[PDB]
Each structure stands twice: as structure tokens, then as C-alpha cells.
Amino acid sequence: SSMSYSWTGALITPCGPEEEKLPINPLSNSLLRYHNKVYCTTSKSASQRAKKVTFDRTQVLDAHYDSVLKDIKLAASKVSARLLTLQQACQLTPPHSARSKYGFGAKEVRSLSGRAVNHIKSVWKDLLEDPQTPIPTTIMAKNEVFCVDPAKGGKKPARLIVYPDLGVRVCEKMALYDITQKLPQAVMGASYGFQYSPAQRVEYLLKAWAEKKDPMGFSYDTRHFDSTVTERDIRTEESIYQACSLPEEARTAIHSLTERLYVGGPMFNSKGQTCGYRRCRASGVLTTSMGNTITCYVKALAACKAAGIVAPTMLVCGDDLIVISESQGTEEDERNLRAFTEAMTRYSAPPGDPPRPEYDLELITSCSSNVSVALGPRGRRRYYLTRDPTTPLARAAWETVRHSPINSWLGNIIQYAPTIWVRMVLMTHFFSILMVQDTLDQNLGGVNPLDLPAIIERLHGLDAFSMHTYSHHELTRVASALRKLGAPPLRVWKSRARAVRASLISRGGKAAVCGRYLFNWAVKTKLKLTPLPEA
RNA sequence: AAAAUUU
RNA sequence: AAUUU
Ligand SMILES: O=c1ccn([C@@H]2O[C@H](COP(=O)(O)OP(=O)(O)O)[C@@H](O)[C@H]2O)c(=O)[nH]1
Ligand SMILES: [Cl-]
Ligand SMILES: [Mn+2]
Ligand SMILES: [Mn+2]
Ligand SMILES: [Mn+2]
């Protein structure tokens with residue numbers, strides 16, 4: 001019945017023009033050679049994304065959906081949730097949040113400038129008084145960097161972002177923020193994935209696996225999830241929110257937001273033209289993450305029940321999930337997963353790639369990552385989290401006038417410190433760069449290069465400095481990703497590391513600690529690395 | 001654009 | 001600031 005979008009035919013315009021790489025990338029031209037493969041999704045491509053996400057939905061539910069939905073409300077009603085003062089909501093606005101059409105921005109909101117505060121009052125008033133007038137939204141293309149993949153057609157089209165004015169964003173927070181803090185955890189218990197560290201994800205997955213007599217695992221992701229969310233789904237989202245204890249004022253605000261913003265509305269391009277109208281999720285509203293996660297969880301747990309998945313243990317994160325079950329034999333497991341997929345398709349959550357049962361934990365990817373294993377210092381197995389390095393390395397080579405990638409290097413160094421690709425490739429390059437700039441002291445994104453050993457120890461354990469015998473998959477994928485981006489192969493990084501190491505060590509102080517801990521993989525006669533006072 | 005995690 | 005959805 002319902003179309004996800006309709007389109008005036010107006011363009012989707014740039015929200016301030018999007019930069020190009022330059023003829024020389026001085027920071028990353030020793031990391032990799034193939035800069036032609038590293039691109040940023042543009043608003044030109046937004047047209048192409050639109051064609052792909054505009055489609056007719058035909059939700060069809062059943063006793064399994066209905067039953068799960070029920071149970072989910074009996075959970076919701078254990079939650080009491082309060083309004084947020086206009087001022088508290090203002091304060092949660094991010095520092096660079098896109099300015100309001102009504103002549104103020106985030107500095108003002110966050111500083112409680114009085115003009116902003118009045119306007120926000122008036123907006124919230126209008127929410128309370130008017131429960132139907134569609135609220136206008138701006139549509140825009142997201143800019144993100146990837147490596148071209150000629151297998152999957154060259155360049156991905158830009159994702160679509162659709163969001164209301166800043167005044168409305170604050171009001172959303174007033175009504176719903178507290179819910180976002182309580183509801184998901186309440187409804188989903190241990191399945192609520194955003195509650196966990198990568199280390200907890202990893203132990204959760206291993207505990208789930210260990211608990212089964214004979215475990216089977218799989219993952220699912222919905223294609224264009226936001227466009228698959230139905231008017232009805234959203235209303236059902238509302239109905240889940242209202243199940244909690246609420247100020248009568250929240251309810252009205254919520255109901256109003258739901259009907260005027262969340263189920264749909266007109267879309268305007270950055271130049272003010274009418275662009276289209278929308279009858280699905282606007283990714284950009286405060287409820288995007290909580291909505292996606294909850295809704296995905298309803299459908300999935302219904303679909304498990306439809307398909308006979310035995311003793312399922314879920315982990316949900318937006319439209320991304322993993323179920324670890326008791327295998328019923330491969331012949332049946334295959335059948336049930338076809339069933340799972342049919343059910344999810346009937347609920348309007350169709351998959352990108354149809355899923356497949358797996359019986360080895362390394363072969364399950366979700367949220368662009370997976371668990372792997374290597375051997376630690378004493379020879380014991382150590383499971384950790386990793387991913388294809390393609391995108392991180394691509395992003396590591398995104399240098400423009402407005403943007404430096406050094407922060408990305410650090411970000412990935414920390415989050416993925418135990419990975420063979422961070423330790424051999426990013427660390428080496430990162431350190432090599434700063435030593436030469438002579439800016440080890442320098443703080444980046446408020447972190448200090450010379451703290452890393454500590455920071456890494458606090459986060460991944462001391463084993464992250466002694467891991468070896470990485471898996472075939474992991475070696476294969478890293479080798480292959482470096483080849484793809486024209487980077488030196490690992491043998492070369494072994495050399496560069498050893499140089500960086502000696503150079504770091506000669507400098508003494510915290511530098512030599514970094515040299516000694518971070519790069520012990522590089523040397524033939526290892527060292528006796530001991531815990532670090534700080535972590 | 002929003003949230004979560006990391007810091 | 002980083003990453004993810
Ligand atoms: O930068 C992002 C990426 C994803 N999402 C939301 O998370 C959903 C699932 O993300 P995925 O990575 O699976 O992309 P999609 O399924 O939309 O193609 C999207 O549809 C969005 O609604 C978002 O709000 N912002
Ligand atoms: Cl060990
Ligand atoms: Mn998806
Ligand atoms: Mn209502
Ligand atoms: Mn996804």
C-alpha cells in the first residue's frame with residue numbers, strides 16, 4: 001500500500017560544498033599509493049540513493065509479531081520516565097549542531113541565550129496545541145569516505161539524512177531523551193547491544209556460544225532499514241513509549257511528534273525547495289537509534305519464533321543483529337533461516353544479503369566487525385574484535401584543506417589495538433609521522449600519543465602487546481586490503497616498525513615506553529613487558 | 001541529523 | 001575527537 005517516498009524532482013543539494021582530495025597527500029602518501037580509490041560520497045549521488053530506497057511496502061503481521069509486541073509492553077510499563085527541562089535538553093545539543101532556520105545556532109542553545117530559549121518555548125507550545133500539522137524537515141546527503149569496490153559497482157551512493165529544525169530537535173529531547181536512557185534496556189535486557197563495550201560484546205558472544213550443546217550462529221541486516229519502517233511501525237513505536245509512566249505532558253508531546261514528524265512529512269532541500277514527502281523513518285530524529293533497535297528487535301524475535309529458532313540468544317544494535325541458537329542440524333538450520341528471512345520480509349524488514357547459518361564464531365560479521373582469535377604471551381587463546389581494514393585505511397588517506405586524518409589513525413589505533421593491522425600498519429605510520437613532525441607531546445582529540453600504552457592496557461589488557469599467530473582469515477584479509485589500496489605489504493611494515501621502535505627508544509621517557517610496549521612484536525628478542533602503573 | 005560506545 | 005548503526 002504505502003510508498004516510502006515521493007519526489008517533486010527537485011535536486012538534493014549540498015549543505016555547504018564538499019571538498020576534493022588534492023594532487024599531493026603528504027600525511028598519507030607513504031601509507032598507501034592508490035588515492036584514486038579513496039572517495040567521499042557526494043550529494044550528486046543522492047538522486048541514485050533515492051531511486052534505490054523509494055518502494056512500496058506491504059507489512060503483514062501474525063500471532064508471533066502480536067505476541068512479542070505484547071510482552072514488550074509488559075516490559076515497558078516497568079519504566080517511569082520524566083520530562084527534561086527545556087534547559088537540560090538544550091544542554092544535550094552537540095556543539096556543532098546545524099543552526100536553526102530562525103536565526104540562532106548551537107552556541108546560543110547551549111549557552112541558553114534568551115532568544116533561543118523563547119523560540120524553543122514557542123515550538124513546544126505549538127506541539128502541545130497542534131497534534132497534526134506536518135512538521136517540515138530538511139533532507140541532505142551524508143558525506144562519508146570509502147574505498148571504491150568495482151565488485152559492488154564502484155561508488156556507493158550517499159545515504160539520506162532527514163531532520164527537523166534545531167528548535168524541534170531540542171523539544172524531541174525534552175519529551176523523549178529520558179525514555180531513550182531507560183526503555184531499550186528495559187524491553188530487551190541483555191540483548192540490548194549498545195549497552196556493552198567491545199570487550200563485553202566479545203565475552204557475551206563467547207558465553208552465548210559456550211552455553212549451547214551444539215551452537216549455530218548467524219547475523220541479519222535490513223536493506224535500507226530506515227525506508228522499510230512503516231507508518232504503522234512508528235505508531236507502534238509510539239504505543240511502546242506510552243506504555244511507560246509519563247507526565248501527561250510528555251504523552252501529548254510524544255503523540256504530537258509521532259503524528260507530525262515521525263510518521264512522515266515534507267522534505268526540503270538545502271536551498272528551500274520542496275523535495276519530496278516521506279512515509280518512513282527519518283534518520284535524524286532523536287528516536288532513530290532507539291526506534292530502529294526496538295522495532296528491529298520486535299520483528300526479529302517474532303521471526304525467530306516463526307522460524308523455530310531454538311534457544312535464541314540475541315544481540316541487537318539498530319538494524320544489526322546476531323542470533324546464537326541450538327543447531328537443529330544443518331539441513332533444518334538452513335530451512336529455518338529461509339523461514340526467518342521470509343517472516344522478516346513479511347514484516348517489512350527485508351535483508352541485504354540473505355543470511356546463512358554458521359558454526360564458527362569468526363565467520364559471523366555484524367556492525368561491520370567480527371570476533372577473531374590469536375595466541376597470547378603465555379600461549380592461551382585470546383578472542384578480540386576486528387574488521388576489514390579497507391575502510392579505515394581509506395579514511396586514513398582522506399586529506400583535504402578542511403580535514404586531517406590523524407585523528408582517525410588514533411581512533412582506530414585505540415579501538416582496534418589488538419588487531420594485526422593496527423599494530424603493524426596504523427601504529428607504525430602514526431608514530432613515524434609524529435616523530436618526524438616532532439609532535440608526540442601534541443594532544444589529538446584530547447588524547448596523548450604517549451599515554452597509549454596505558455590507554456590500550458586499560459582497555460584491552462596487557463595481552464594486546466604480546467599477541468601472535470593471527471588467524472588465516474585475518475592475515476588473508478589484511479594482506480588483501482593493503483594490496484587493494486596500494487600500501488606496502490606487511491614485511492615492509494615489520495622494517496618500518498623496527499626503525500620507529502629504535503628511534504622511539506633512543507628518545508627515552510614515555511616515548512621509549514611506547515617504543516618498547518607498542519612495538520615488541522617487531523623485535524627478534526622480545527621483552528618482559530609488565531603492568532603499567534597508570535592503568 | 002540523531003544515538004550509543006570509546007576517550 | 002574516534003568508531004559504529
Ligand atoms: O549514519 C547513519 C547510518 C545508519 N543510520 C540508521 O541505521 C539504519 C541501518 O543502517 P545500515 O548501516 O544497515 O544502512 P541501511 O540499512 O539504511 O542501508 C539506517 O537505515 C539509518 O536509519 C543512521 O541514522 N545514520
Ligand atoms: Cl596467554
Ligand atoms: Mn541495514
Ligand atoms: Mn498517541
Ligand atoms: Mn546495518
# chains A, B, ... in the order shown; residues from 1 in each chain; ligands from 1
>>> select_by_dssp(residues="range 181-299 of chain A", states="strand (DSSP E)", output="PDB file with N, CA and C atoms, in the first residue's frame")
ATOM      1  N   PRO A 215      26.016 -25.196  19.153  1.00  0.00           N
ATOM      2  CA  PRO A 215      25.654 -23.840  18.738  1.00  0.00           C
ATOM      3  C   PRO A 215      25.620 -23.624  17.264  1.00  0.00           C
ATOM      4  N   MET A 216      24.677 -22.800  16.819  1.00  0.00           N
ATOM      5  CA  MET A 216      24.596 -22.303  15.446  1.00  0.00           C
ATOM      6  C   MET A 216      24.471 -20.801  15.547  1.00  0.00           C
ATOM      7  N   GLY A 217      25.088 -20.080  14.623  1.00  0.00           N
ATOM      8  CA  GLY A 217      25.103 -18.627  14.713  1.00  0.00           C
ATOM      9  C   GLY A 217      24.772 -17.989  13.401  1.00  0.00           C
ATOM     10  N   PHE A 218      24.184 -16.814  13.424  1.00  0.00           N
ATOM     11  CA  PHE A 218      24.009 -16.068  12.190  1.00  0.00           C
ATOM     12  C   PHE A 218      23.775 -14.587  12.462  1.00  0.00           C
ATOM     13  N   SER A 219      23.836 -13.791  11.410  1.00  0.00           N
ATOM     14  CA  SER A 219      23.582 -12.366  11.540  1.00  0.00           C
ATOM     15  C   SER A 219      22.630 -11.918  10.457  1.00  0.00           C
ATOM     16  N   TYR A 220      21.971 -10.792  10.714  1.00  0.00           N
ATOM     17  CA  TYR A 220      20.985 -10.233   9.788  1.00  0.00           C
ATOM     18  C   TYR A 220      21.129  -8.734   9.772  1.00  0.00           C
ATOM     19  N   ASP A 221      20.901  -8.165   8.605  1.00  0.00           N
ATOM     20  CA  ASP A 221      20.873  -6.724   8.424  1.00  0.00           C
ATOM     21  C   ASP A 221      19.793  -6.394   7.395  1.00  0.00           C
ATOM     22  N   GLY A 265       6.216  13.389   6.506  1.00  0.00           N
ATOM     23  CA  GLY A 265       6.173  14.818   6.304  1.00  0.00           C
ATOM     24  C   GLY A 265       6.895  15.243   5.049  1.00  0.00           C
ATOM     25  N   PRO A 266       6.818  16.528   4.740  1.00  0.00           N
ATOM     26  CA  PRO A 266       7.522  17.063   3.589  1.00  0.00           C
ATOM     27  C   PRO A 266       9.017  17.276   3.842  1.00  0.00           C
ATOM     28  N   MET A 267       9.765  17.229   2.759  1.00  0.00           N
ATOM     29  CA  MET A 267      11.195  17.309   2.817  1.00  0.00           C
ATOM     30  C   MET A 267      11.596  18.454   1.938  1.00  0.00           C
ATOM     31  N   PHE A 268      12.523  19.262   2.438  1.00  0.00           N
ATOM     32  CA  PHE A 268      13.031  20.413   1.722  1.00  0.00           C
ATOM     33  C   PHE A 268      14.517  20.265   1.536  1.00  0.00           C
ATOM     34  N   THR A 274      10.726  22.410  -2.186  1.00  0.00           N
ATOM     35  CA  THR A 274      10.062  21.189  -1.736  1.00  0.00           C
ATOM     36  C   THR A 274      10.733  20.050  -2.493  1.00  0.00           C
ATOM     37  N   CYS A 275      11.107  18.993  -1.782  1.00  0.00           N
ATOM     38  CA  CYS A 275      11.909  17.926  -2.379  1.00  0.00           C
ATOM     39  C   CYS A 275      11.123  16.636  -2.559  1.00  0.00           C
ATOM     40  N   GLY A 276      10.265  16.326  -1.592  1.00  0.00           N
ATOM     41  CA  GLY A 276       9.506  15.093  -1.625  1.00  0.00           C
ATOM     42  C   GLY A 276       8.697  15.015  -0.360  1.00  0.00           C
ATOM     43  N   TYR A 277       8.064  13.872  -0.131  1.00  0.00           N
ATOM     44  CA  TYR A 277       7.313  13.615   1.087  1.00  0.00           C
ATOM     45  C   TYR A 277       7.659  12.196   1.465  1.00  0.00           C
ATOM     46  N   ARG A 278       7.528  11.913   2.753  1.00  0.00           N
ATOM     47  CA  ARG A 278       8.191  10.835   3.409  1.00  0.00           C
ATOM     48  C   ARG A 278       7.212  10.082   4.294  1.00  0.00           C
TER      49      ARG A 278
END
>>> residues_around(residues="residue 246 in chain A", least_positions_apart="6", cutoff="9 Å", atoms="only C-alpha atoms (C1' of nucleotides)", output="PyMOL selection string")
chain A and resi 80-83
>>> interface_residues(of="chain A", to="chain B", cutoff="8 Å", atoms="only C-alpha atoms (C1' of nucleotides)", output="JSON, numbers by chain")
{"A": [161, 162, 163, 194, 195, 196, 197, 283, 284, 285, 286, 287, 288, 289, 290, 415, 446, 447]}
>>> residues_around(residues="residue 3 in chain C", least_positions_apart="2", cutoff="12 Å", atoms="only C-alpha atoms (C1' of nucleotides)", output="list in words")
residues 198, 367, 368, 369, 387, 391, 392, 395, 407, 408, 409, 410, 411, 412, 413, 414, 415 and 416 of chain A; 4, 5, 6 and 7 of chain B; 1 and 5 of chain C
>>> closest_residue(among="A:340, A:398, A:465, A:241", to="ligand 2", atoms="only C-alpha atoms and all ligand atoms")
A:465
>>> residues_near_ligand(ligand="ligand 2", cutoff="7 Å", atoms="only C-alpha atoms (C1' of nucleotides) and all ligand atoms", output="list in words")
residues 375, 376, 377, 378, 379, 380 and 381 of chain A
>>> closest_residue(among="A:400, A:227, A:236, A:222", to="ligand 5", atoms="only C-alpha atoms and all ligand atoms")
A:222
>>> closest_residue(among="A:316, A:394, A:63, A:240", to="chain C", atoms="only C-alpha atoms (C1' of nucleotides)")
A:316
>>> atom_distance(atom1="CA of residue 432 in chain A", atom2="CA of residue 478 in chain A")
20.2 Å
>>> residues_near_ligand(ligand="ligand 3", cutoff="7 Å", atoms="only C-alpha atoms (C1' of nucleotides) and all ligand atoms", output="list in words")
residues 221, 222, 223, 224, 225, 319, 320 and 352 of chain A
>>> residues_near_ligand(ligand="ligand 4", cutoff="12 Å", atoms="only C-alpha atoms (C1' of nucleotides) and all ligand atoms", output="list in words")
residues 131, 132, 234, 235, 236, 237, 238, 239, 240, 241, 242, 243, 248, 249, 250, 251, 252, 253, 254, 255, 256, 257, 258, 259 and 260 of chain A
